[PDB]
Amino acid sequence: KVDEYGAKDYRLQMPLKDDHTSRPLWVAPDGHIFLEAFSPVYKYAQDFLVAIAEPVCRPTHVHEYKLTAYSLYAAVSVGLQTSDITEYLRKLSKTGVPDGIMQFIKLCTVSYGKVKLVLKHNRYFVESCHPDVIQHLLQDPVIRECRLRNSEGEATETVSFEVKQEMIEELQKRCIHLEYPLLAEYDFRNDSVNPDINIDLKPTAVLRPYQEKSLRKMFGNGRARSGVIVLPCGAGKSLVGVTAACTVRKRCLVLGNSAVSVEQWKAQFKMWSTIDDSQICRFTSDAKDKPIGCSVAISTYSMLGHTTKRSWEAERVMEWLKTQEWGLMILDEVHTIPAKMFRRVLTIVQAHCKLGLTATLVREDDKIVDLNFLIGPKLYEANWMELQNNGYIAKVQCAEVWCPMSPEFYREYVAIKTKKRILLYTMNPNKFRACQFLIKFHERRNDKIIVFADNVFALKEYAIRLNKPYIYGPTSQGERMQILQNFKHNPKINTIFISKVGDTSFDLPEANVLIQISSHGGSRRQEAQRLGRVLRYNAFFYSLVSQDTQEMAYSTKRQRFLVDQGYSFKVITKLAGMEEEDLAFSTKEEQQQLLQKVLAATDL
Amino acid sequence: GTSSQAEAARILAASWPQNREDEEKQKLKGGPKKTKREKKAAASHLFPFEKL
Amino acid sequence: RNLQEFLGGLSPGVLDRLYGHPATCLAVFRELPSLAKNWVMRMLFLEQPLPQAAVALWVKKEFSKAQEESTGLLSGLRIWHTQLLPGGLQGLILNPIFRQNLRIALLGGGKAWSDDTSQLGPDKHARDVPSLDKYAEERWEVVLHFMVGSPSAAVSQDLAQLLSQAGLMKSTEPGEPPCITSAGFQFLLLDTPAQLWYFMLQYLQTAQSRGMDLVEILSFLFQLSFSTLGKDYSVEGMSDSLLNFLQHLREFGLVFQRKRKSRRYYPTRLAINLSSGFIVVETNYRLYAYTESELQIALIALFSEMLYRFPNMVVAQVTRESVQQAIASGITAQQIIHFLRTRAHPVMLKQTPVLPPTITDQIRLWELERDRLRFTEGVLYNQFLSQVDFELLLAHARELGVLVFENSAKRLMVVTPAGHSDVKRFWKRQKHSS
Amino acid sequence: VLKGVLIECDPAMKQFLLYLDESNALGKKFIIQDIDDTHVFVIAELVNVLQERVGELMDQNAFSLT
DNA sequence: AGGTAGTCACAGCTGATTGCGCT
DNA sequence: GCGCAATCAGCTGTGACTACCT
């Protein structure tokens, strides 16, 4: 509250430092938790904090977590009660809980189970234990449109009433503003109305303890609740979804991002679920393997939310699909859920549990907050540092090596400002030489190399100069698949170029070296995804930027997610043996010739 | 040509972060390393292409 | 500056007088290199000089540089002296006084360094080691606050004058409190044992103004260095000049004493360390300090942005702007790195190195940002009609030592403003002589 | 003869100063004489505005975390 | 004296057309 | 002549740059 040095000091607020330091935790009045990792009780404190709060940074020594209303909702969703969490937080405080958190925790946890949402006979109902709250929200104008025709009293038994199916998102957004958040609990143990399927995973696909913890938190009291699980791409992500689908034992719907991720999910199901191919169906307008009458359906976005005319067969498939309940609707790459057309997808299908999986939950436009009510609370957030300490995740040695701007290019860079400077620092001759040197070194040491490069116009001359395979992106489907398939099991070729195509969950093979050049501006999601394509110092990835350009600021502002995850970006300013061998653009003649071909765009 | 190669190398390899780093190295320890532990830590934290 | 640098600049007579105290010889011995100590121990029981070649042959050829450095340091400290061995050879033998005092300090002999301790019996108002440490820390914090200028710190006028003499603070106008200079900030950033030693070296340099014997002060300081913590000694047996020095040390917190007339004095932990962790540093440019005193808070806030201040913790963020401001204040990046390494928490000691390389590299790169542009005032000459004429003027300027930059290809040269007049006069004379 | 201040820097900053000279970003052509690819000669009466411009360029592409 | 819908780049998807192959 | 695969039109997501009102 005091600003003697510009720092919020709370010395007087929390003086309960009785005896004496044995509790490795610090609380903040507004809200924050600081955890000391070098403590004998580190594991238990970490388990307690994960179940109640989401992390904000996990460096090697002092973790920092944040307390949010949705985190407390998730905590109270599990068997943890208000008294237990309060007494255990007071147990490990070392400073005393300020009287702004206990009131906040109490207010958040009081209104959890008052309002519930249920699905029955393809109808959405809102049920409340206390009848008074219904009259409390009756005067709200937005809610009154949901009922039709006005739902005079909907006398049952406990007071509940029907709501408009297509306006469920609006009421979900309103309820949290009304301090009456909705809960999505599916008691699949006793339904007797939904036709459960005979899916059963093979008893040979073992899972790691963190996956066990995530699943156990998903099923806390014998029921499944909608949530989000964040795991690295290299780690086991599809396995968690398959296990959840098997445990739910209901008709499963899987949504992917690309037309190739559906094949990935089908392969995962065929590998770890022992499901006959008749029940498995893929609905992506490619083979149409009779999706009508199926147990497990896999499809992708941008197909369930078409606002234009649809195919005749696809129309009938959608009509059939929108006439029955769904069990554990699984969404992949949940981070790009809050979109103009992707949000309505959850409103176009009916499901009991909505499970979202992703590796990079960070996104711009601050629309991640909407995901709290679109699907549910952030359930699990894996700790990447301890994950790679166990050896199951490759310990990637991050590097941020920059190159000076050549004199023939910096003049043009400072001369132009109307969006024409991207190619100038993208095609820096010094950065080109650094990339070529890294390629040659890691080919001499026999490491698989993936070079990410947006602005495919530059990538053309970047790849044809070295005469190496590249993926333009609008090429074809077979060519990309065959290139990626022969990239792994071929000693002759061990380096590929990707232009914004690998910025999603694909089937790229294991690689040890990743080099990114001229990516998007501040896409922390993109850089985190690119890093995820390497881990699965076993590996290491480099980022090349041009000094005294906007790319420096972009690289600085895009790595904050990874440093929050615990990674450190070493700065490399000199490359050993740069002049030992011959590289391209050795003389100034071709460097100044490059100016004409890089200014030859003239997109006017 | 040969002169162009040398000129380009001089411009590139020592543009911003050498006109001071090289001068500091000329005015640096010069003698042997502090301890063997420092050298081991440096080798561990150095990249494979920087140790050749 | 270290002890060896100060000892090298002393006259031979002062060095000879210093060796008369057994404690001084041990202190000098422990400052020697590892190779030198073995040579001193080998020659401890020798009454005859040894040939220089024989001594040189002890060490292998590959390590001859270290042998030469050790021999040069020993010669500079005058521990041993070259003796004119009969037959044209040069013999090396230790100083007899230094050898005798070292043997007394090691084997034994003579009287104790202190007069006595049980003559007065137990102390009526004896303190404890934690109390002594608290008193020393409070005195040091008071001194450092007086360096800043807070009214809560009140010290003697002589201490303020000494600080002014050290250059840390300047008094532009009499009466008004002095202002701390950039050297004051650099000294504050220094480690406490380094700060104590620098202050003691300044005191020794300025002692001749107060008419105090350098040899006696050095011997007493070295004796205090080897004193046992928590054990008092008799004040008696010292000159009145040494009494003022003892009172000054008591004001500095090195030695505790209940009263000026008291016959007892208790050396503190600072005094023992005069002979020679709470900060956790994270890869995300965050400092977690386990401190409560305002001194460490100010020191950290000098080069970082404060975020949170828990009653027993300080959470700060090391940002580019804060480091740039601190460097503009006069603190170099190397001093900041050394300060962070010294105050490193014991947990960080497991990591090799203790400070993560990325943070140190980023700090050093931030330091280089301020001095990216180099500014050198001067006068440019570009009106050379002939190549030969340019070369002669360039050679004359280099002789005068005023040349800043030269370019023979375009016949361009830059001279210092002070040397511009001389070059102009030379050029005028050359044209007249032509 | 010319009297002023010699400025030594990397070629990128030298070209930035040249662009400032040609674009008249400081209001005049005070960047008179260029001597080397890494050295320039500037009149000393406006070193402050050059420092301000250099600082603005440096911290523009920096993304301070403050 | 200080902030958001068009606009641009680069990818994705699905809905048709549309020339190419033939024991 | 029919059938399969290549191709484009239209719509959308992601991130960043830019011209008029409180």
# chains A, B, ... in the order shown; residues from 1 in each chain; ligands from 1

call {"tool": "residues_around", "arguments": {"residues": "residue 21 of chain E", "least_positions_apart": "2", "cutoff": "12 Å", "atoms": "only C-alpha atoms (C1' of nucleotides)", "output": "list in words"}}
result
residues 19 of chain E; 2, 3, 4 and 5 of chain F

call {"tool": "interface_residues", "arguments": {"of": "chain C", "to": "chain D", "cutoff": "9 Å", "atoms": "only C-alpha atoms", "output": "compact mmCIF listing (two decimals) with N, CA, C and O atoms, in the first residue's frame"}}
result
# COMPACT_ATOMS: atom_id res chain seq x y z
N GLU C 305 14.75 -2.95 -9.52
CA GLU C 305 13.42 -2.43 -9.22
C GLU C 305 12.78 -3.29 -8.14
O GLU C 305 12.66 -4.51 -8.30
N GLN C 317 13.12 -7.13 -9.02
CA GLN C 317 13.32 -7.54 -10.40
C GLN C 317 14.46 -6.73 -11.00
O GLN C 317 14.48 -5.50 -10.90
N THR C 319 15.86 -5.19 -13.99
CA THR C 319 15.41 -4.75 -15.29
C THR C 319 16.51 -3.95 -15.98
O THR C 319 17.46 -3.49 -15.34
N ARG C 320 16.38 -3.81 -17.30
CA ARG C 320 17.38 -3.07 -18.06
C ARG C 320 17.44 -1.61 -17.62
O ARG C 320 18.53 -1.04 -17.49
N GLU C 321 16.28 -0.99 -17.39
CA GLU C 321 16.25 0.42 -17.02
C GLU C 321 16.95 0.66 -15.69
O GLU C 321 17.71 1.62 -15.54
N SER C 322 16.71 -0.21 -14.70
CA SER C 322 17.33 -0.04 -13.40
C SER C 322 18.84 -0.18 -13.48
O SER C 322 19.59 0.59 -12.87
N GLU C 369 25.74 -1.01 -23.44
CA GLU C 369 24.80 -0.18 -24.19
C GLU C 369 25.09 1.30 -24.00
O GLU C 369 25.02 2.08 -24.95
N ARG C 370 25.41 1.71 -22.77
CA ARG C 370 25.60 3.13 -22.49
C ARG C 370 26.78 3.70 -23.27
O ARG C 370 26.71 4.81 -23.80
N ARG C 372 28.06 2.72 -26.15
CA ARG C 372 28.10 2.32 -27.55
C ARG C 372 28.76 3.40 -28.41
O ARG C 372 29.53 3.09 -29.32
N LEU C 373 28.46 4.66 -28.12
CA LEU C 373 29.02 5.79 -28.86
C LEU C 373 30.23 6.33 -28.12
O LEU C 373 30.18 6.54 -26.90
N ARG C 374 31.31 6.57 -28.85
CA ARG C 374 32.54 7.14 -28.31
C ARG C 374 32.67 8.58 -28.77
O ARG C 374 32.54 8.86 -29.97
N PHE C 375 32.92 9.48 -27.83
CA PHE C 375 33.04 10.91 -28.12
C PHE C 375 34.43 11.39 -27.76
O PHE C 375 34.89 11.19 -26.63
N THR C 376 35.11 12.02 -28.72
CA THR C 376 36.46 12.55 -28.52
C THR C 376 36.54 13.89 -29.24
O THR C 376 36.56 13.93 -30.48
N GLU C 377 36.58 14.97 -28.47
CA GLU C 377 36.70 16.30 -29.06
C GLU C 377 38.07 16.46 -29.72
O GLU C 377 39.08 15.95 -29.23
N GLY C 378 38.10 17.18 -30.84
CA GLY C 378 39.35 17.39 -31.54
C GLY C 378 39.15 18.24 -32.77
O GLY C 378 38.05 18.73 -33.04
N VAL C 379 40.24 18.42 -33.50
CA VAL C 379 40.26 19.21 -34.73
C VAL C 379 40.69 18.30 -35.87
O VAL C 379 41.67 17.55 -35.75
N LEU C 380 39.96 18.36 -36.98
CA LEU C 380 40.19 17.51 -38.14
C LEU C 380 40.95 18.29 -39.21
O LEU C 380 40.62 19.45 -39.50
N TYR C 381 41.96 17.65 -39.80
CA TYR C 381 42.73 18.23 -40.89
C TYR C 381 42.46 17.42 -42.15
O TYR C 381 42.68 16.21 -42.18
N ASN C 382 41.97 18.10 -43.20
CA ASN C 382 41.63 17.42 -44.44
C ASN C 382 42.06 18.19 -45.68
O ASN C 382 41.62 17.85 -46.79
N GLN C 383 42.90 19.21 -45.54
CA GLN C 383 43.28 20.08 -46.65
C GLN C 383 44.69 19.78 -47.16
O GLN C 383 45.43 20.69 -47.52
N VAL C 404 44.56 11.48 -32.50
CA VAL C 404 43.42 10.69 -32.07
C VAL C 404 43.06 9.63 -33.10
O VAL C 404 42.96 8.44 -32.79
N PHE C 405 42.85 10.04 -34.35
CA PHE C 405 42.55 9.12 -35.44
C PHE C 405 43.32 9.53 -36.68
O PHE C 405 43.56 10.72 -36.91
N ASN C 407 43.93 8.43 -41.06
CA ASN C 407 43.46 7.71 -42.25
C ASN C 407 44.36 8.13 -43.41
O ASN C 407 44.15 9.17 -44.03
N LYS C 410 42.74 8.52 -47.24
CA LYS C 410 42.10 9.78 -47.58
C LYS C 410 42.84 10.99 -47.02
O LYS C 410 42.35 12.11 -47.14
N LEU C 412 43.44 11.97 -43.84
CA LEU C 412 42.62 12.58 -42.81
C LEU C 412 43.24 12.29 -41.45
O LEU C 412 43.68 11.16 -41.19
N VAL C 414 43.01 13.57 -37.01
CA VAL C 414 42.31 14.26 -35.93
C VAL C 414 43.28 14.46 -34.78
O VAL C 414 43.96 13.52 -34.36
N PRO C 417 42.29 19.05 -29.00
CA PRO C 417 42.19 20.52 -28.96
C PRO C 417 43.39 21.19 -28.32
O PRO C 417 43.77 22.29 -28.75

call {"tool": "residues_around", "arguments": {"residues": "segment 99-101 of chain A", "least_positions_apart": "2", "cutoff": "8 Å", "atoms": "only C-alpha atoms (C1' of nucleotides)", "output": "list in words"}}
result
residues 29, 30, 31, 97, 103, 104 and 105 of chain A

call {"tool": "write_last_selection", "arguments": {"atoms": "N, CA and C atoms", "output": "PDB file, in the first residue's frame"}}
result
ATOM      1  N   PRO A  29      -1.560 -10.044   0.281  1.00  0.00           N
ATOM      2  CA  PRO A  29      -2.907  -9.582   0.644  1.00  0.00           C
ATOM      3  C   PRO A  29      -3.884  -9.583  -0.521  1.00  0.00           C
ATOM      4  N   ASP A  30      -3.540  -8.911  -1.621  1.00  0.00           N
ATOM      5  CA  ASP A  30      -4.404  -8.925  -2.796  1.00  0.00           C
ATOM      6  C   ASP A  30      -4.519 -10.346  -3.330  1.00  0.00           C
ATOM      7  N   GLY A  31      -3.410 -10.894  -3.812  1.00  0.00           N
ATOM      8  CA  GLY A  31      -3.279 -12.323  -3.987  1.00  0.00           C
ATOM      9  C   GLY A  31      -1.986 -12.691  -4.680  1.00  0.00           C
ATOM     10  N   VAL A  97      -1.906 -15.355   7.278  1.00  0.00           N
ATOM     11  CA  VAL A  97      -2.777 -15.016   6.156  1.00  0.00           C
ATOM     12  C   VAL A  97      -3.395 -13.645   6.408  1.00  0.00           C
ATOM     13  N   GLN A 103     -11.458 -13.660   3.669  1.00  0.00           N
ATOM     14  CA  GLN A 103     -12.750 -13.195   3.180  1.00  0.00           C
ATOM     15  C   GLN A 103     -12.920 -13.507   1.699  1.00  0.00           C
ATOM     16  N   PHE A 104     -11.869 -13.287   0.904  1.00  0.00           N
ATOM     17  CA  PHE A 104     -11.937 -13.593  -0.522  1.00  0.00           C
ATOM     18  C   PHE A 104     -12.155 -15.082  -0.758  1.00  0.00           C
ATOM     19  N   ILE A 105     -11.414 -15.929  -0.038  1.00  0.00           N
ATOM     20  CA  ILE A 105     -11.575 -17.372  -0.188  1.00  0.00           C
ATOM     21  C   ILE A 105     -12.982 -17.794   0.209  1.00  0.00           C
TER      22      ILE A 105
END

call {"tool": "residues_around", "arguments": {"residues": "residue 17 of chain E", "least_positions_apart": "6", "cutoff": "12 Å", "atoms": "only C-alpha atoms (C1' of nucleotides)", "output": "PDB file with C-alpha atoms (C1' of nucleotides), in the first residue's frame"}}
result
ATOM      1  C1'  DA F   6      -5.422 -31.792 -58.981  1.00  0.00           C
ATOM      2  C1'  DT F   7      -7.140 -26.952 -58.557  1.00  0.00           C
ATOM      3  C1'  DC F   8      -9.513 -22.826 -57.193  1.00  0.00           C
ATOM      4  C1'  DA F   9     -13.379 -19.820 -54.524  1.00  0.00           C
TER       5       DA F   9
END

call {"tool": "interface_residues", "arguments": {"of": "chain F", "to": "chain A", "cutoff": "8 Å", "atoms": "only C-alpha atoms (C1' of nucleotides)", "output": "list in words"}}
result
residues 12, 13, 15, 16 and 17 of chain F

call {"tool": "write_last_selection", "arguments": {"atoms": "N, CA, C and O atoms (P, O5', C5', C4', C3', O3' and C1' of nucleotides)", "output": "compact mmCIF listing (two decimals), in the first residue's frame"}}
result
# COMPACT_ATOMS: atom_id res chain seq x y z
P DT F 12 -16.73 -16.28 -42.26
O5' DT F 12 -15.39 -16.83 -41.58
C5' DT F 12 -15.29 -18.20 -41.21
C4' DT F 12 -13.92 -18.50 -40.64
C3' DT F 12 -13.40 -17.48 -39.62
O3' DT F 12 -13.17 -18.11 -38.36
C1' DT F 12 -11.72 -18.06 -41.20
P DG F 13 -12.78 -17.23 -37.08
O5' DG F 13 -11.24 -17.57 -36.84
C5' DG F 13 -10.85 -18.91 -36.54
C4' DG F 13 -9.35 -19.00 -36.33
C3' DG F 13 -8.75 -17.96 -35.40
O3' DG F 13 -7.73 -18.55 -34.61
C1' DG F 13 -7.75 -17.78 -37.54
P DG F 15 -1.93 -15.02 -31.88
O5' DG F 15 -1.09 -13.74 -32.30
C5' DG F 15 0.12 -13.90 -33.02
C4' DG F 15 0.38 -12.70 -33.90
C3' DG F 15 0.24 -11.35 -33.19
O3' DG F 15 1.53 -10.77 -32.98
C1' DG F 15 -0.70 -11.35 -35.41
P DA F 16 1.67 -9.33 -32.29
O5' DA F 16 1.69 -8.33 -33.53
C5' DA F 16 2.71 -8.45 -34.52
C4' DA F 16 2.49 -7.47 -35.65
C3' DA F 16 2.37 -6.00 -35.23
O3' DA F 16 3.15 -5.18 -36.10
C1' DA F 16 0.50 -6.63 -36.54
P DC F 17 3.45 -3.64 -35.74
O5' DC F 17 2.68 -2.83 -36.88
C5' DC F 17 3.15 -2.88 -38.23
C4' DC F 17 2.26 -2.07 -39.16
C3' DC F 17 2.04 -0.61 -38.74
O3' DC F 17 2.05 0.23 -39.89
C1' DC F 17 -0.04 -1.71 -38.91

call {"tool": "select_by_dssp", "arguments": {"residues": "segment 265-433 of chain A", "states": "strand (DSSP E)", "output": "list in words"}}
result
residues 280, 281, 282, 296, 297, 298, 299, 300, 329, 330, 331, 332, 354, 355, 356, 357, 358, 378, 379, 380, 381, 399, 400, 401, 402 and 403 of chain A

call {"tool": "atom_distance", "arguments": {"atom1": "atom CA of residue 8 of chain C", "atom2": "atom CA of residue 58 of chain C"}}
result
25.7 Å

call {"tool": "decode", "arguments": {"residues": "segment 111-136 of chain C", "atoms": "N, CA and C atoms", "output": "short mmCIF file (atom, residue, chain, number, x, y, z; two decimals), in the first residue's frame"}}
result
data_model
loop_
_atom_site.label_atom_id
_atom_site.label_comp_id
_atom_site.auth_asym_id
_atom_site.auth_seq_id
_atom_site.Cartn_x
_atom_site.Cartn_y
_atom_site.Cartn_z
N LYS C 111 57.49 -13.86 25.21
CA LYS C 111 56.25 -13.59 25.92
C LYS C 111 55.07 -13.64 24.97
N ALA C 112 53.87 -13.67 25.55
CA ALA C 112 52.66 -13.68 24.76
C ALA C 112 52.46 -12.33 24.06
N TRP C 113 51.65 -12.35 23.00
CA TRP C 113 51.36 -11.12 22.27
C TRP C 113 50.66 -10.10 23.17
N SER C 114 49.69 -10.55 23.95
CA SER C 114 49.02 -9.69 24.92
C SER C 114 49.71 -9.79 26.27
N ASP C 115 49.57 -8.73 27.07
CA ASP C 115 50.20 -8.70 28.39
C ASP C 115 49.64 -9.81 29.28
N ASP C 116 48.37 -9.70 29.65
CA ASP C 116 47.72 -10.70 30.49
C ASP C 116 46.21 -10.48 30.40
N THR C 117 45.46 -11.50 30.83
CA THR C 117 44.01 -11.44 30.83
C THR C 117 43.37 -11.78 32.17
N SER C 118 44.02 -12.59 33.01
CA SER C 118 43.44 -12.98 34.29
C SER C 118 43.84 -12.06 35.44
N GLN C 119 44.63 -11.01 35.17
CA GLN C 119 45.02 -10.09 36.24
C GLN C 119 43.80 -9.41 36.85
N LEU C 120 42.87 -8.97 36.01
CA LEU C 120 41.64 -8.34 36.48
C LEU C 120 40.52 -9.34 36.71
N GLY C 121 40.75 -10.63 36.45
CA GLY C 121 39.75 -11.64 36.65
C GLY C 121 38.65 -11.58 35.61
N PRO C 122 37.50 -12.17 35.92
CA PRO C 122 36.37 -12.12 34.99
C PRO C 122 35.83 -10.71 34.84
N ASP C 123 35.27 -10.43 33.66
CA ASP C 123 34.70 -9.13 33.38
C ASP C 123 33.34 -9.00 34.07
N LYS C 124 33.13 -7.87 34.74
CA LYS C 124 31.87 -7.64 35.43
C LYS C 124 30.72 -7.47 34.45
N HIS C 125 30.98 -6.85 33.30
CA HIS C 125 29.97 -6.57 32.29
C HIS C 125 30.30 -7.27 30.98
N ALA C 126 30.70 -8.53 31.05
CA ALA C 126 31.05 -9.28 29.86
C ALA C 126 29.82 -9.52 28.99
N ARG C 127 30.02 -9.46 27.68
CA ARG C 127 28.97 -9.67 26.69
C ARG C 127 29.12 -11.05 26.06
N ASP C 128 28.25 -11.33 25.10
CA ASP C 128 28.24 -12.60 24.38
C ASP C 128 28.57 -12.37 22.91
N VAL C 129 28.93 -13.46 22.23
CA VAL C 129 29.28 -13.36 20.81
C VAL C 129 28.15 -12.80 19.97
N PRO C 130 26.89 -13.25 20.11
CA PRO C 130 25.81 -12.60 19.34
C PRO C 130 25.68 -11.12 19.64
N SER C 131 25.87 -10.71 20.90
CA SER C 131 25.80 -9.29 21.23
C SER C 131 26.92 -8.51 20.55
N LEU C 132 28.13 -9.07 20.52
CA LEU C 132 29.23 -8.42 19.84
C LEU C 132 28.96 -8.30 18.34
N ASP C 133 28.43 -9.36 17.73
CA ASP C 133 28.11 -9.31 16.31
C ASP C 133 27.03 -8.26 16.03
N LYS C 134 26.01 -8.19 16.89
CA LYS C 134 24.97 -7.19 16.72
C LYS C 134 25.53 -5.78 16.84
N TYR C 135 26.42 -5.56 17.82
CA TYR C 135 27.03 -4.25 17.98
C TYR C 135 27.87 -3.87 16.76
N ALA C 136 28.66 -4.81 16.24
CA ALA C 136 29.47 -4.53 15.07
C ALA C 136 28.60 -4.22 13.86
#
